[PDB]
Amino acid sequence: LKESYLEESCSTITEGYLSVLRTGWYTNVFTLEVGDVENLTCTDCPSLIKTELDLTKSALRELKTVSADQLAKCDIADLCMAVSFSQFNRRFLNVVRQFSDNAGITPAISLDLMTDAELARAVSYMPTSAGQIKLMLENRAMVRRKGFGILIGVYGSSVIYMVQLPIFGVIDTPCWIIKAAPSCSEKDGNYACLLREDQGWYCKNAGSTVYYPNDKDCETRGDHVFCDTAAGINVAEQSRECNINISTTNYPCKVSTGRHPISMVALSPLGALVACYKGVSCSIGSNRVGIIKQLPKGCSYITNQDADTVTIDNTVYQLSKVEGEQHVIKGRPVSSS
Amino acid sequence: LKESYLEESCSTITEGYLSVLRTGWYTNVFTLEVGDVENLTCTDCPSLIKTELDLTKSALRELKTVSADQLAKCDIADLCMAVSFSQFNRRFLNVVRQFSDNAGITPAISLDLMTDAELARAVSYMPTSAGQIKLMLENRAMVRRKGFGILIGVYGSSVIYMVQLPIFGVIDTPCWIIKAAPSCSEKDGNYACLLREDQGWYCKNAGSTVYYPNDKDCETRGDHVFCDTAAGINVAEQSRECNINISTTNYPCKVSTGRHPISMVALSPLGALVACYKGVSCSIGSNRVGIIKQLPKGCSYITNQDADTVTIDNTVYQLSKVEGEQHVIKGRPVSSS
Amino acid sequence: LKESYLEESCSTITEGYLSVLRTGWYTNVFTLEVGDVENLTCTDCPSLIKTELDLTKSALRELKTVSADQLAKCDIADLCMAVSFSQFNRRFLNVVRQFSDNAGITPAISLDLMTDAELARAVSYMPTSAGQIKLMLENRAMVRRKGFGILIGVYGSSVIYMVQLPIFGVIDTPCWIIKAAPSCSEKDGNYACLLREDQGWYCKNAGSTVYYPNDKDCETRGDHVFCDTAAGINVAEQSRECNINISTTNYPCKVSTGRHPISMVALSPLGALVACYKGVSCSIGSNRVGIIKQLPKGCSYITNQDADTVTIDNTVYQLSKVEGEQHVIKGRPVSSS
Ligand SMILES: *[C@@H]1O[C@H](CO)[C@@H](O[C@@H]2O[C@H](CO)[C@@H](O)[C@H](O)[C@H]2NC(C)=O)[C@H](O)[C@H]1NC(C)=O
Ligand SMILES: *[C@@H]1O[C@H](CO)[C@@H](O[C@@H]2O[C@H](CO)[C@@H](O)[C@H](O)[C@H]2NC(C)=O)[C@H](O)[C@H]1NC(C)=O
Ligand SMILES: *[C@@H]1O[C@H](CO)[C@@H](O[C@@H]2O[C@H](CO)[C@@H](O)[C@H](O)[C@H]2NC(C)=O)[C@H](O)[C@H]1NC(C)=O
Ligand SMILES: *[C@@H]1O[C@H](CO)[C@@H](O)[C@H](O)[C@H]1NC(C)=O
Ligand SMILES: *[C@@H]1O[C@H](CO)[C@@H](O)[C@H](O)[C@H]1NC(C)=O
Ligand SMILES: *[C@@H]1O[C@H](CO)[C@@H](O)[C@H](O)[C@H]1NC(C)=O
Numbered sequence: 019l020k021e022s023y024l025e026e027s028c029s030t031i032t033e034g035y036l037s038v039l040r041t042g043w044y045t046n047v048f049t050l051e052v053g054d055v056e057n058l059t060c061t062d063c064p065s066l067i068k069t070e071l072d073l074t075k076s077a078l079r080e081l082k083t084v085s086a087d088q089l090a181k182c183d184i185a186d187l188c189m190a191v192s193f194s195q196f197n198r199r200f201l202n203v204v205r206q207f208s209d210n211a212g213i214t215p216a217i218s219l220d221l222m223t224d225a226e227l228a229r230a231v232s233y234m235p236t237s238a239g240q241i242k243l244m245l246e247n248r249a250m251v252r253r254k255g256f257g258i259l260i261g262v263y264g265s266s267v268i269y270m271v272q273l274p275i276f277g278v279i280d281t282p283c284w285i286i287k288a289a290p291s292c293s294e295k296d297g298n299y300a301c302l303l304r305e306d307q308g309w310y311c312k313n314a315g316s317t318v319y320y321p322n323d324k325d326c327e328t329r330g331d332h333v334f335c336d337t338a339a340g341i342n343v344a345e346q347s348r349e350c351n352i353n354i355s356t357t358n359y360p361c362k363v364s365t366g367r368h369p370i371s372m373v374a375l376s377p378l379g380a381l382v383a384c385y386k387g388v389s390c391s392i393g394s395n396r397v398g399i400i401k402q403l404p405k406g407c408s409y410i411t412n413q414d415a416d417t418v419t420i421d422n423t424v425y426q427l428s429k430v431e432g433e434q435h436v437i438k439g440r441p442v443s444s445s
Numbered sequence: 019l020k021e022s023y024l025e026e027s028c029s030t031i032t033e034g035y036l037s038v039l040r041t042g043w044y045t046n047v048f049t050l051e052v053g054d055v056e057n058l059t060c061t062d063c064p065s066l067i068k069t070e071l072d073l074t075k076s077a078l079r080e081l082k083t084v085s086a087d088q089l090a181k182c183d184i185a186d187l188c189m190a191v192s193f194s195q196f197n198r199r200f201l202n203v204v205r206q207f208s209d210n211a212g213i214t215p216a217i218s219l220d221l222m223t224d225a226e227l228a229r230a231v232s233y234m235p236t237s238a239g240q241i242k243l244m245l246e247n248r249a250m251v252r253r254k255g256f257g258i259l260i261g262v263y264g265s266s267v268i269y270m271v272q273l274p275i276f277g278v279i280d281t282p283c284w285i286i287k288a289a290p291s292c293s294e295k296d297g298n299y300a301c302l303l304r305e306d307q308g309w310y311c312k313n314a315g316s317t318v319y320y321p322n323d324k325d326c327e328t329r330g331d332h333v334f335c336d337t338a339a340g341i342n343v344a345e346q347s348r349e350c351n352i353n354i355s356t357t358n359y360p361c362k363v364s365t366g367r368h369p370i371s372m373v374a375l376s377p378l379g380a381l382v383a384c385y386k387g388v389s390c391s392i393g394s395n396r397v398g399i400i401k402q403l404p405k406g407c408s409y410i411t412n413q414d415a416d417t418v419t420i421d422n423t424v425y426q427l428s429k430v431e432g433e434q435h436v437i438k439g440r441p442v443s444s445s
Numbered sequence: 019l020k021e022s023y024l025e026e027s028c029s030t031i032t033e034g035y036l037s038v039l040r041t042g043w044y045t046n047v048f049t050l051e052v053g054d055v056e057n058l059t060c061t062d063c064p065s066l067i068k069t070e071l072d073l074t075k076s077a078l079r080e081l082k083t084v085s086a087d088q089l090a181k182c183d184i185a186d187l188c189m190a191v192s193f194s195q196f197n198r199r200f201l202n203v204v205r206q207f208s209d210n211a212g213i214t215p216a217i218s219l220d221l222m223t224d225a226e227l228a229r230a231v232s233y234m235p236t237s238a239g240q241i242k243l244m245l246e247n248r249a250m251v252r253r254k255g256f257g258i259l260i261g262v263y264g265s266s267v268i269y270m271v272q273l274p275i276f277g278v279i280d281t282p283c284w285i286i287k288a289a290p291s292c293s294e295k296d297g298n299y300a301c302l303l304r305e306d307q308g309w310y311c312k313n314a315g316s317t318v319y320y321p322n323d324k325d326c327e328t329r330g331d332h333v334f335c336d337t338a339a340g341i342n343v344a345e346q347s348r349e350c351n352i353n354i355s356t357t358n359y360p361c362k363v364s365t366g367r368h369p370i371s372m373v374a375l376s377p378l379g380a381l382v383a384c385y386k387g388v389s390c391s392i393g394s395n396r397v398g399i400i401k402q403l404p405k406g407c408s409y410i411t412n413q414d415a416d417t418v419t420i421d422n423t424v425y426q427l428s429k430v431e432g433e434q435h436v437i438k439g440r441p442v443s444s445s
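The listed protein sequences correspond, in order, to chains B, C and A. For reference, each letter of the first sequence is one residue, going 19 to 90, 181 to 445 in the deposited numbering. For reference, each letter of the second sequence is one residue, going 19 to 90, 181 to 445 in the deposited numbering. For reference, each letter of the third sequence is one residue, going 19 to 90, 181 to 445 in the deposited numbering.
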């Protein structure tokens, strides 16, 4: 992580990341069964286990509608079965509950569709070099969050669904992020604003550079950006001379000339850009002293650790997160009997 | 709420909203610990409580993989423990269940990570004036949704996670929404369409106006828009003369000249725009009478309460939501024995 | 499904789909009430049912904060109530659980807010012709997903919420998808790239064509695209001569001329586009033999069934999903006593 301030265009580039990109989809098929329940002597009467079985049977029947392939007297013994049924058959119930809640597909691969043991084995079988496989196992919280389970169908008392794990093929390719703010000059009152429109992520692969334009498109897990190959716009590798020289007469860079000053604050990974002109007062302050200085009229770059808040005409911006309070909560004890 | 129809460009502007913008992030750290279970004689022999404990231990162990800090016989007394364990330790299990379901992070702050009592106290401690704090307490429903919990790690039988509440610094700043439709003139069979491209929200703050271009970006809660400061494009405060005069020779407004007529319907907050030319028949009708009139060839604005359905060549559009049926459902009674 | 390769612009169009568009919103109001529990003698002394009731009361009280209307010893008989209470009042608890988890609104209509019997009846009452109603019943999986429940408020022991089902008015209107890749010509070492910008979905309705520009906007369910009428950009029906002839002097097609070659792979529904120039070696290989051939320098279209992997300078792309392993899992049996 190393953020550089470019004063000729009022923008910053942070080049310390490594890119991991998806290059296909894996697939596993699961079949979860309810499990045998010992026969009841009565077989026709209201019992806690029978009511529990009926609810499970009814839940499966309703769940069959949201599919993809085909459709679209108290006794001590009874209590033990009712509790035992919901304990031994817990993974099955959770899968049924999750699919019903999301109505067909879960947003992410929870730890009930595919346990860790099944996840590690699946990753090791993917068609990628050893380098990619090692990285995926190191941080498997992202493969789960990038996949999505799909319900195939329901037959009898079993459930069939697909996981569709992601597959990463390009890893450890250096890349950066670019943030820009307006840079308006002035002669006698008539301004000339130049704002760079090539703002967002920027990562390289396969002899080309991708341009995920939304900061939310690519997640961050330290020195790793888990970009999704669904919004990236491929651009020529020559689209880097803009940083060195905005014009450079070589690669036309996307800029938007203006005529009216704009005052705004843009937050960077390790700082923020403060630009304000002609009317609004700017100042940088911390949680200790809020009178550090008044920013001069222009585009100024302030480090994250140098200041904590920037007030653009009575509007704090909180460069960095603010820590609150820590709580510790413990449940009540479960005494015998 | 007051919608105005501008006939020189076939667009409408609604000026009745108040803006609420985010200016940072808060943070709280929680540590939920499982309750204490009294020593059980004959730990070797299975029991309905040992099985429940084993499932909890297994669930926590799997949950450790998706983290961020380090990784990535039955007696009457026995039954009470199984029921009691899941009752006293209800908050802990729900937090474990939610994190496992979403695989590491919960999309919103449910009412198990942070109860109302904890949420109210945290909001009162934020670094914002009394005005902002009062508003957040008044409607805390749109605080949990904008936030998101993060699982830090799992150690022993305890779970550590972060909430990261949002912080609002700019409130009660009036703003509006602009919707536009094509306005094509006819000249001896030759058309000239002019469709505005500055369509979306438009809110003001810190001597500038933001331009969230997607209606889904900002969520409305009456006379309040909880816009997210992640897609807003800052624009000059002079970007308002377009409504008064499309050209105005002052702020170049984004328009897209065309040559072929386009027939479409745009739904405004309190009405809709109906444009249809050269071939498709327009008509406005209600659920009572559907022959109110036939709209003339051109851009026309119809109030929400004036009509309910707009048919563009046999395609009803349902200006406003249609109410269905109300159901009342009660669960079966529970009787002793 | 029929994919055509257009060599004059290095793009492909697939014309085999049928459109399904939303034209309003439906609405149902539900009121779920907790069941009646027979009064238990000695309410003062704790019991496994009183604790269960207290948790339910506490859960409802907290849920009241996230609303929209107003705010923002153990015996054998006792155990049966605790188990029976959570069985009969299963739908109510699930609705409470879902609303609390999502903090006010559920992303989709799970199978606890509206059962299939209620959903089928509601769909039959929508104000649409018999043709639209028949389609919605046939595949109701993509009705719950497009809808979303809303919690109105909590009064006493009852819960009131709204479902807001979607309504489809335009069906069986043929439409297609267009994917394009750079087509750079070489002239004495000087390149001239032409990449189409009219990339995405393209569906027709009401004498106009919509242009959902994101592949994720429209979800495919076979020969049906359930596009959401929230991002569609209406375009003239004459915006189709681009495929036949790029210029055609009638509808200016959106292209972006360039000067530097770009190498990339675009995945079409039934194939992919491979373009690579001046430095990176292309090759197509299957899971059987990976030396099928080396693609020549240019824009080439390869069928999905012809090859499985595309390597752009040591980067496999996995044209089609790769099948993994199938698991069958059964829960432990439950035996009496
Ligand atoms: C950035 O690029 C501009 C554009 O080419 C450079 O300005 C040119 O510099 C050359 C000298 O190498 C002159 O012959 C041209 O007349 C200049 N043109 C213009 C429009 O200024 C500039 O030198 C480059 N470097 C910097 C720091 O701006
Ligand atoms: C909107 O702006 C246009 C452009 O400035 C105005 O049209 C001009 O009006 C002045 C009179 O003040 C004339 O001297 C110019 O010749 C006009 N130019 C053009 C291109 O029309 C227009 O009057 C303004 N008002 C309205 C309602 O359009
Ligand atoms: C595609 O459109 C272009 C543009 O009109 C056509 O090129 C023209 O063809 C006419 C013949 O009908 C000539 O008189 C013009 O001089 C051509 N103009 C240019 C710029 O080439 C072209 O023939 C059409 N068809 C194809 C296959 O490109
Ligand atoms: C239980 O009884 C049913 C009654 O039809 C029978 O089919 C089944 O084989 C018996 N055993 C189990 C384990 O369900
Ligand atoms: C059981 O007793 C032992 C005695 O050392 C103690 O270490 C252990 O924590 C106890 N277990 C429970 C569940 O109370
Ligand atoms: C139970 O007793 C209460 C008195 O506290 C009474 O209000 C209620 O009607 C009785 N019946 C119930 C709870 O079913």
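C-beta: ideal position from N, C-alpha, C; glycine also.
Where the beta strand (DSSP E) through residue i begins and ends
i              : result
residue 381(C) : 379 to 384
residue 314(B) : Premise fails: residue 314(B) is in no beta strand (DSSP E) and is neither H nor E.
residue 268(C) : 266 to 270
residue 83(B)  : Residue 83(B) -> not in any beta strand (DSSP E); alpha helix (DSSP H) instead, spanning 66 to 83.
residue 407(C) : 406 to 411
residue 391(C) : 390 to 393
residue 26(B)  : Looking at the DSSP string, residue 26(B) is not in any beta strand (DSSP E), and its letter there is neither H nor E.
residue 352(C) : First-last for residue 352(C): 349 to 352, but that is the alpha helix (DSSP H), not the beta strand (DSSP E).
residue 419(C) : 417 to 420
Residue i: first and last residue of the uninterrupted alpha helix (DSSP H) it sits in
i              : result
residue 206(C) : 198 to 210
residue 372(B) : Not the alpha helix (DSSP H): residue 372(B) falls in the beta strand (DSSP E), residues 372 to 376.
Residue i classed as buried or exposed, judged by whether at least 16 other C-beta atoms fall within 10 angstroms
i              : result
residue 57(C)  : exposed
residue 197(A) : buried
residue 440(C) : exposed
residue 352(A) : exposed
residue 21(B)  : buried
DSSP beta-bridge partners of residue i
i              : result
residue 442(C) : 55(A)
residue 400(B) : For residue 400(B), which the question treats as bridged, DSSP gives no partner whatsoever.
Which runs of the beta strand (DSSP E), 3 residues or longer, sit entirely within the stretch 282 to 329 of chain C?
-> For the stretch 282 to 329 of chain C, the continuous beta strand (DSSP E) assignments of 3+ residues that do not extend past its boundaries occur at 291 to 295, 298 to 304, 308 to 313 and 316 to 318, in sequence order.
Are three or more beta carbon pairs between the stretch 195 to 213 of chain A and the stretch 72 to 84 of chain A nearer than 8 angstroms?
-> These segments touch.
State whether the stretch 19 to 34 of chain B contacts the stretch 282 to 297 of chain B, with contact taken as three or more CB pairs (one from each stretch) at a distance under 8 angstroms.
-> The stretch 19 to 34 of chain B vs the stretch 282 to 297 of chain B: in contact.
Is the stretch 248 to 256 of chain B close to the stretch 397 to 415 of chain A, with three or more CB pairs under 8 angstroms?
-> At 8 angstroms Cβ cutoff, the stretches do not touch.
Take every Cβ of the stretch 415 to 432 of chain C, pair it with every Cβ of the stretch 335 to 350 of chain A, and state whether three or more of those distances are shorter than 8 angstroms.
-> These segments do not touch.
Continuous alpha helix (DSSP H) assignments of at least 4 residues falling wholly in the stretch 218 to 282 of chain B = Counting only runs of 4 or more, we get 224 to 232, 238 to 246 and 249 to 254.
Neighbourhood of ligand 7 [Cβ distance below 5 angstroms to any heavy atom], ordered by chain position | The ligand content of the structure shown is limited to ligand 1, ligand 2, ligand 3, ligand 4, ligand 5 and ligand 6, which means ligand 7 is not among them.
Are three or more beta carbon pairs between the stretch 364 to 371 of chain B and the stretch 293 to 313 of chain B nearer than 8 angstroms?
-> As far as the Cβ criterion goes, the stretch 364 to 371 of chain B touches the stretch 293 to 313 of chain B, which means the pair count is three or higher.
Are there three or more Cβ pairs, one per stretch, closer than 8 angstroms when the stretch 66 to 73 of chain C is compared with the stretch 188 to 203 of chain B?
-> Result yes; three or more Cβ-Cβ pairs closer than 8 angstroms.
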